[PDB]
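A.B. asks: Protein chains in written order, with the entry's author numbering: chain R, 1 to 103; chain J, 1 to 142; chain 5, 1 to 56; chain Q, 1 to 117; chain S, 1 to 110. Heads up, the beta-carbon is just placed ideally off N, CA and C, and yes, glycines get one too.
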Amino acid sequence: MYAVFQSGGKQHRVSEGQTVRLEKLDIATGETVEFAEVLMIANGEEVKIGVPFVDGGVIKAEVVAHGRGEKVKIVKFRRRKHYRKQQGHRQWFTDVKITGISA
Amino acid sequence: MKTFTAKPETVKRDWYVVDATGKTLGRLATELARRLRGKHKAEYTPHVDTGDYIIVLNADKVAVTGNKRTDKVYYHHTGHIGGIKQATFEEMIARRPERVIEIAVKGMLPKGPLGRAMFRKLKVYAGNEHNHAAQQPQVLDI
Amino acid sequence: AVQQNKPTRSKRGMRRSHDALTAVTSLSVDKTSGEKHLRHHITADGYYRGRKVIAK
Amino acid sequence: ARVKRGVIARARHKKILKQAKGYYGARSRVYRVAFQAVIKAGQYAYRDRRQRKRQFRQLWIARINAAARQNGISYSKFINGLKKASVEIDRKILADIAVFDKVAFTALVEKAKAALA
Amino acid sequence: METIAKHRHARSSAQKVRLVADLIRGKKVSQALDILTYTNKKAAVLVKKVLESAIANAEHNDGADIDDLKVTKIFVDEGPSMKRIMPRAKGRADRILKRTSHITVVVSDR
RNA sequence: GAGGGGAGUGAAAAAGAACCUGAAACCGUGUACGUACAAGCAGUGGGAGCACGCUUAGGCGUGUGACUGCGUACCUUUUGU
RNA sequence: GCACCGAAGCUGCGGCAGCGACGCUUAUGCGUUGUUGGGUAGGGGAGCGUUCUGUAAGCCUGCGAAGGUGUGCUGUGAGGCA
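Below, the structure is given as structure tokens:
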């Protein structure tokens, strides 16, 4: 089966037993996240939304907490004008292993 | 999850057959560009061919209409001091007719190596027959 | 005149493609020569075509 | 109380020359040239990171407009249908469902036509 | 073994040496030695002694069986350059760097 | 002869007298991949294929980058490059 | 006439930073809330690193120091550790 849902910031296309990347949530380190926020569920055949959020659908998915993502070098430079600066960022992310698609 | 981009290998191209006889040029070439590129199909690629092989039937009898029929510019260059030469549509139909539709569509067609890879699949026939029949090609009209 | 830039080491290498010498190769032996020798030439001993030369 | 330089210079230069791996000519070798090219590359690296967002939205629209015209509706009229019936939040990345299942995307076109009709 | 054989401080530029050396690269020793014989160049007679000596050095020290041999690897690197100053017009002065070479010869059944 | 290899000394000989450490510029050799209808500050974003350790991975990691979106050095002085 | 495209604008989600208010606190700093964060000349503030002296007849260390050359990891950065 498969479904689509909305996390923080954006949506994702998800099947069961898949593992997908998510935002730093307040959920415990191994704990399960619950999406009632889901846009379609399909058994290989569709039961979509009318208005946003399907009536029965829920997606239960365990987390792995992770930490800080890969470094990026942000480079500000103007030519012939004596200005330059560098800045870094890691971000923070989590992954989730999917046990949901329940209705 | 990134875009489910199609591979070079796994897109299958296939074929059309197209009759120029009744058609208005440019507007014809436009449809040829979209089918040659694959843009009409579920392409989903900014950098590889997914589009049909297309061949042409009866190319000379195309209509360019208006008053442009007698006087469209067709500038062509040889690289020499007198190297500007000029033809117009009726003279190009009078001698060397297939190159007409080629240069008319080539300009509308995009870019460099990948464009030249599209351009190769086009085959113009002034004639009323073809020898790419071996492919068992499927007929199209718009 | 003069160059306007240092040309590249790649451009230098592409110039050199014809430089290397020819493998001489075609060196043969004859019956009473006793020597592997160049074609159409006397041997070091004096053999040409099984004639002894530099001799009577 | 003198000083003797050198050591932190070459370490900094090896920092630059390491990032300068995989270029061409002087750009993979020469310090004065590498220091220009790596900074200029960082400029492009920032700028292009915006244009990534531009590209992906267009390429999603590309496949949607194709899949839409097979079921028989152009993208502008199609998207207006998805809004005007039920304000649907099926989406541009999500429409890869169109690549995977056609009859699923058909149900989207069905209610898009149910707006338009 | 392939017992290392070298020569140091030859009078050549390494570029002219490579014209001789590259023909000898990867051939069998019998076919190579005749090429190195008839190759006219000044570096050829220099390299000829080094290859022939290399075969003798492998023969004596490591032990015999020269019969099917190749020269597997051969390569040249620069030596020093001799500095002089050449008198040219109006008192102008030239660097005149006289180049030297280091030929190195890996002599081998394989 | 020069020079080189064995043998031999010595903890060390890649310590060999032109000798401690021995970077870069520079020039080669060996291996992998790429490259002979295709135009531009020689990059970056995307990205197939192919070659390497091989993972509950498999398409994970690493190297290369066919093709391709966007891309007119740096510095100094200047109204302004 | 009705749609749609269209930027680094705006809103969406996370993270970081300055300056007021309000409450935990009752310095300090957090927790809210509000609003701000293009920039040369130029002013102000806050930082890293290097050599050398003190601490140090301490501490680490030929089971392998400095240096050199690689790899992995880490801080917002200059950089740092293994």
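1) Following the continuous alpha helix (DSSP H) through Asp95 (chain R), name the residue where it begins and the one where it ends.
2) Which runs of the beta strand (DSSP E) at least 3 residues long sit entirely within the segment 38-70 of chain J? Give them in chain order.
3) Could you pull the start and end residues of the alpha helix (DSSP H) that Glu90 (chain J) belongs to?
4) Leaving aside the five residues before and after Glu2 (chain S) along the sequence, list all residues of the same chain whose C-beta is less than 7 angstroms from its C-beta, in chain order.
5) Name the residue from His40 (chain J), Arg13 (chain J), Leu25 (chain J) whose alpha carbon lies nearest to the alpha carbon of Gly66 (chain J).
6) Expressed to the nearest angstrom, what Euclidean distance is found between the alpha-carbon atoms of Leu21 (chain 5) and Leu23 (chain S)?
7) With a 10 Å radius around its C-beta and 16 neighbouring C-beta atoms as the bar for buried, classify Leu116 (chain Q) as buried or exposed.
8) Go ahead and pull the three-state DSSP assignment for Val33 (chain Q).
9) What is the DSSP secondary structure of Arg9 (chain 5), counted as helix, strand or coil?
10) Could you tell me whether the Cβ of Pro46 (chain J) comes closer than 7 angstroms to any Cβ of chain Q?
11) Sort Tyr24 (chain Q), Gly42 (chain Q), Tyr23 (chain Q) by Cα distance to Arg78 (chain R) and report the nearest one.
12) At a cut-off of 6 angstroms, is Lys28 (chain S) close to the ligand COA when judged by its beta-carbon and the heavy atoms of the ligand?
13) DSSP state of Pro137 (chain J), grouped into three classes?
14) Compare the C-beta of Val29 (chain 5) with all C-beta atoms of chain S and state if any pair is closer than 7 angstroms.
15) Below 8 angstroms CB to CB, which residues in the same chain sit around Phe35 (chain Q) once its five sequence neighbours on both sides are set aside?
16) Does any residue of chain J have a CB that is nearer than 7 angstroms to the CB of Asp48 (chain Q)?
17) Hey, is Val24 (chain 5)'s beta-carbon within less than 7 angstroms of any beta-carbon in chain S?
18) So, is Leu97 (chain S) buried or exposed, given that buried needs 16 or more other C-beta atoms within 10 angstroms?
19) Return the residues of the segment 6-25 of chain 5 that lie within a Cβ-Cβ distance of less than 9 angstroms from chain S, sorted by chain order.
20) I'd like to know if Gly8 (chain R) contacts chain Q, where contact means its C-beta is closer than 7 angstroms to some C-beta of that chain.
21) Does any CB atom of chain Q fall closer than 7 angstroms to the CB of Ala42 (chain J)?
22) Against chain R, with Cβ distances strictly below 7 angstroms, would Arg52 (chain Q) count as a contact?
23) Taking all protein chains shown into account, decide if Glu70 (chain R) is buried (16 or more other Cβ within 10 angstroms of its Cβ) or exposed.
24) So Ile4 (chain S) and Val50 (chain S) are supposed to be a Cβ contact under 8 angstroms. How far apart are they, rounded?
25) Indicate whether at least one CB of chain Q lies closer than 7 angstroms to the CB of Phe77 (chain R).
26) For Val29 (chain S), report the span of its alpha helix (DSSP H) as first-last.
27) Would you say the segment 6-16 of chain S touches the segment 85-94 of chain Q, given that touching needs at least three Cβ pairs under 8 angstroms?
28) Apply the 10 Å Cβ neighbour rule to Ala61 (chain R) and answer buried if 16 or more other Cβ atoms are within range, or exposed otherwise.
29) Run down chain S in chain order and give the residues with a C-beta less than 7 angstroms from the C-beta of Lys36 (chain 5).
30) Residues of chain 5 with CB closer than 8 angstroms to the CB of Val20 (chain S), please, in chain order.
31) What does a CB cutoff of less than 6 angstroms around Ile54 (chain 5) pick up in its chain, not counting 5 residues either side in sequence?
32) Which chain R residues are close to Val87 (chain Q), counting only those with a beta carbon under 8 angstroms from its beta carbon?
33) For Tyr48 (chain 5), which residues from the same chain have a beta carbon less than 8 angstroms from its beta carbon, with the 5 sequence-adjacent residues on both sides left out?
34) Nearest-angstrom Cα distance between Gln138 (chain J) and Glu102 (chain J)?
35) Who are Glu62 (chain R)'s beta bridge partners in DSSP?
36) Report yes or no: do the segment 126-141 of chain J and the segment 102-113 of chain Q share at least 3 C-beta pairs separated by less than 8 angstroms?
C.D. replies: On the basis of the data shown:
1) Premise fails: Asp95 (chain R) lies in the beta strand (DSSP E), 93-98, not in any alpha helix (DSSP H).
2) 53-57
3) 89-94
4) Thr72, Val106, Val107, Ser108
5) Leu25 (chain J)
6) 8 angstroms
7) exposed
8) helix
9) helix
10) yes
11) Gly42 (chain Q)
12) With respect to the ligand COA, the structure offers nothing, as it holds no ligand at all.
13) coil
14) no
15) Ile16
16) no
17) yes
18) exposed
19) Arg16, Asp19, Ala20, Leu21, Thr22, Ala23, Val24, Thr25
20) no
21) yes
22) no
23) exposed
24) Contact doesn't hold; Cβ gap of about 11 angstroms is too wide.
25) yes
26) 29-38
27) no
28) buried
29) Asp34
30) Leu21
31) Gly46
32) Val51, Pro52
33) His41, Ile42
34) 22 angstroms
35) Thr32 (chain R), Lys97 (chain R)
36) no
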